[PDB]
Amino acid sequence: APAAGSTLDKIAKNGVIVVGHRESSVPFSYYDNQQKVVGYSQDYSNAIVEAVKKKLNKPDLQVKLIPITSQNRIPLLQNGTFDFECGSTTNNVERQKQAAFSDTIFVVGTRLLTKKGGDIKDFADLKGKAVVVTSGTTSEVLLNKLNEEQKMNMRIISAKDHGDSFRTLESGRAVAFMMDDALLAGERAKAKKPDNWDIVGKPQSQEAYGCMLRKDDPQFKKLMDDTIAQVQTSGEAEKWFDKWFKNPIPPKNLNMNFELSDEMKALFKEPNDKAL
């Protein structure tokens, strides 16, 4: 039976499960401009909601969707503004001090988006340039560290979400946008002219996405992990991958044209929740 102060207890007492989600983490958790929140990560959220309804024996449980940002997600989690989110949040040791993470749902590398035919091909080319990054991200930490340690004299623009960052780039307010490679591709899949944008640079990190939930709630983490493990080991996660990464997606019917990583091939066979 759920313990006082656990998430299943909160949900049962409120009669609501509150699902945090992203607005612009494409193709993970984002708005389709068809009145829904969709994507590869959001498909896990939907599965988790069904598992909660089943566990609590409450099929008419209200489901509330609450938008969150990379900057605000931990504060909102910790006061119960939302109960869990599946999007584009990196599981790392630092964040484990504040939150818990499910089994890994995706793996990314941090790279650059830049205009084609410009002069940015590697991180070193950013010296003395304006560079945009989304506030509250691992890329913002990495980029500020690079700026200091490698003395690059970058002017770092911190934007509120990934589409704001992309539009900074698109409007010529920055020469490159640093982010998780998949998210860069996702922003390009919404662009005016997708052709105009290239992903370049050696990755500065390799990072695991997990669904995020409150710390010290083993029962809820187990529900989430068990749900993820069924999706992944049954072959369903790979079908979700193909849908969101190899086929036309909203809102512009463009294709990511990605291929499934070796890292996720191994995780779909034996799910785990380790930070990289």
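So that there is no doubt, residue numbering starts at 1 and follows the sequence shown.
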Please compare 184 to 192 with 137 to 145 and say which has the higher mean C-alpha temperature factor in the record.
184 to 192
Identify the stretch, either 84 to 92 or 115 to 123, whose C-alpha atoms have the larger mean B-factor according to the entry.
115 to 123
Residue selected from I249, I68, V231, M212 by maximal Cα B factor:
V231
Going by the deposited entry, which of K97, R155, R73, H162 has the highest CA temperature factor?
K97
Please say which third, lowest, middle or highest, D225 falls into when its CA temperature factor is compared across its chain.
middle
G201 CA temperature factor, ranked by third within the chain
middle
Report the third (lowest, middle or highest) to which the CA temperature factor of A237 belongs, ranking only the modelled residues of the same chain.
highest
Consider only the C-alpha atoms of the modelled residues in this chain, order them by B-factor as the entry records it, and name the third containing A51: lowest, middle or highest.
middle
Relative to the other modelled residues of the same chain, rank the CA B-factor of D9 and answer lowest, middle or highest third.
middle
